[PDB]
Amino acid sequence: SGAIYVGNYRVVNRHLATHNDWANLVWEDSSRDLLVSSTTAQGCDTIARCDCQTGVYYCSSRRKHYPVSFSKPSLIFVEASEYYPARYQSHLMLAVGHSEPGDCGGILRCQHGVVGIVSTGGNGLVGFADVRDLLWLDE
Ligand SMILES: NC(=O)[C@H]1CCCN(C(=O)Cn2cc(Br)cc(Cl)c2=O)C1
Ligand SMILES: [Zn+2]
């Protein structure tokens, strides 16, 4: 679980989106595991507008924040699930770190703000769905 609350938007993993998220749908991309929905309350999350490759992410499975080096957003293959078939997920950044089912939603942050959220993992790796390119979240 976990979400980014920026302005009048809520950003969540598309596979974890609720009925309210779908009822108040703004934008969704299956290939990125992102869903953005509208919220009546003003949220204060600063989105990073950078090309950082180091940051800190929150790991719910360890109740700890971890510093990580991560790759540039790219198209990386991800295996089937009760949510998605086997496909290439886009705008995904890999990092060496701990993650296990239940960690999706944990925010990855850098000095410039929110970079993205935990979307994939396993094998001593953690994958993050980038949100820095979504410029409309601030406007
Ligand atoms: N974005 C997706 O396709 C995910 C949908 C839910 C299932 N996906 C996963 O990666 C499940 N998972 C998540 C984390 Br975090 C760590 C591990 Cl070890 C793991 O197996 C894939
Ligand atoms: Zn940054």
# chains A, B, ... in the order shown; residues from 1 in each chain; ligands from 1
>>> residues_near_ligand(ligand="ligand 1", cutoff="9 Å", atoms="only C-alpha atoms and all ligand atoms", output="JSON, numbers by chain")
{"A": [13, 14, 15, 16, 30, 31, 32, 33, 34, 59, 77, 78, 79, 80, 81, 82, 83, 84, 85, 86, 87, 88, 89, 92, 98, 99, 100, 101, 102, 103, 104, 105, 106, 118, 119, 120, 121, 122, 123, 124, 125, 126, 127, 128, 129]}
>>> residues_around(residues="residue 112 of chain A", least_positions_apart="2", cutoff="12 Å", atoms="only C-alpha atoms", output="ChimeraX atom specification")
/A:45-56,108-110,114-116,132
>>> closest_residue(among="A:44, A:95, A:76, A:25", to="residue 5 of chain A", atoms="only C-alpha atoms")
A:44
>>> select_by_dssp(residues="chain A", states="helix (DSSP H, G or I)", output="MDAnalysis selection string")
chainID A and resid 14:16 19:23 30:32 135:137
>>> write_last_selection(atoms="N, CA and C atoms", output="mmCIF file, in the first residue's frame")
data_model
loop_
_atom_site.group_PDB
_atom_site.id
_atom_site.type_symbol
_atom_site.label_atom_id
_atom_site.label_comp_id
_atom_site.auth_asym_id
_atom_site.auth_seq_id
_atom_site.Cartn_x
_atom_site.Cartn_y
_atom_site.Cartn_z
ATOM 1 N N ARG A 14 -1.626 1.181 -10.321
ATOM 2 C CA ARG A 14 -2.869 0.854 -11.010
ATOM 3 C C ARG A 14 -3.447 -0.469 -10.542
ATOM 4 N N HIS A 15 -2.591 -1.460 -10.234
ATOM 5 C CA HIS A 15 -3.097 -2.745 -9.744
ATOM 6 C C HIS A 15 -3.668 -2.678 -8.306
ATOM 7 N N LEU A 16 -3.380 -1.596 -7.573
ATOM 8 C CA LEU A 16 -3.908 -1.419 -6.224
ATOM 9 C C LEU A 16 -5.022 -0.351 -6.136
ATOM 10 N N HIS A 19 -12.207 1.459 -5.786
ATOM 11 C CA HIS A 19 -13.370 1.823 -6.585
ATOM 12 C C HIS A 19 -13.444 3.338 -6.741
ATOM 13 N N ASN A 20 -13.103 4.090 -5.685
ATOM 14 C CA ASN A 20 -13.118 5.548 -5.731
ATOM 15 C C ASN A 20 -12.117 6.100 -6.722
ATOM 16 N N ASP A 21 -10.950 5.464 -6.820
ATOM 17 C CA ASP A 21 -9.917 5.855 -7.773
ATOM 18 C C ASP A 21 -10.440 5.714 -9.213
ATOM 19 N N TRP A 22 -11.195 4.658 -9.486
ATOM 20 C CA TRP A 22 -11.768 4.427 -10.809
ATOM 21 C C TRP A 22 -12.952 5.350 -11.096
ATOM 22 N N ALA A 23 -13.769 5.626 -10.076
ATOM 23 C CA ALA A 23 -14.915 6.532 -10.172
ATOM 24 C C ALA A 23 -14.440 7.985 -10.406
ATOM 25 N N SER A 30 -1.730 1.076 -17.802
ATOM 26 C CA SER A 30 -1.481 -0.322 -17.445
ATOM 27 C C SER A 30 0.009 -0.628 -17.633
ATOM 28 N N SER A 31 0.577 -0.170 -18.766
ATOM 29 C CA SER A 31 1.976 -0.410 -19.086
ATOM 30 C C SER A 31 2.950 0.276 -18.112
ATOM 31 N N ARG A 32 2.495 1.234 -17.294
ATOM 32 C CA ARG A 32 3.329 1.894 -16.286
ATOM 33 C C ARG A 32 2.930 1.542 -14.845
ATOM 34 N N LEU A 135 4.273 16.111 -15.846
ATOM 35 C CA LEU A 135 4.287 17.536 -15.544
ATOM 36 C C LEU A 135 2.922 18.127 -15.171
ATOM 37 N N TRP A 136 1.823 17.546 -15.689
ATOM 38 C CA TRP A 136 0.468 18.000 -15.400
ATOM 39 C C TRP A 136 0.020 17.817 -13.953
ATOM 40 N N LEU A 137 0.774 17.056 -13.143
ATOM 41 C CA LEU A 137 0.455 16.840 -11.732
ATOM 42 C C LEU A 137 0.562 18.138 -10.911
#
>>> select_by_dssp(residues="chain A", states="strand (DSSP E)", output="number ranges by chain")
A: 4-13, 25-29, 34-44, 54-59, 64-69, 74-78, 87-96, 107-110, 113-121, 125-130
>>> residues_around(residues="residue 66 of chain A", least_positions_apart="2", cutoff="8 Å", atoms="only C-alpha atoms", output="PyMOL selection string")
chain A and resi 56-59+64+68+97
>>> closest_residue(among="A:41, A:35, A:131, A:3", to="ligand 2", atoms="only C-alpha atoms and all ligand atoms")
A:131
>>> closest_residue(among="A:90, A:39, A:69, A:74", to="ligand 2", atoms="only C-alpha atoms and all ligand atoms")
A:69
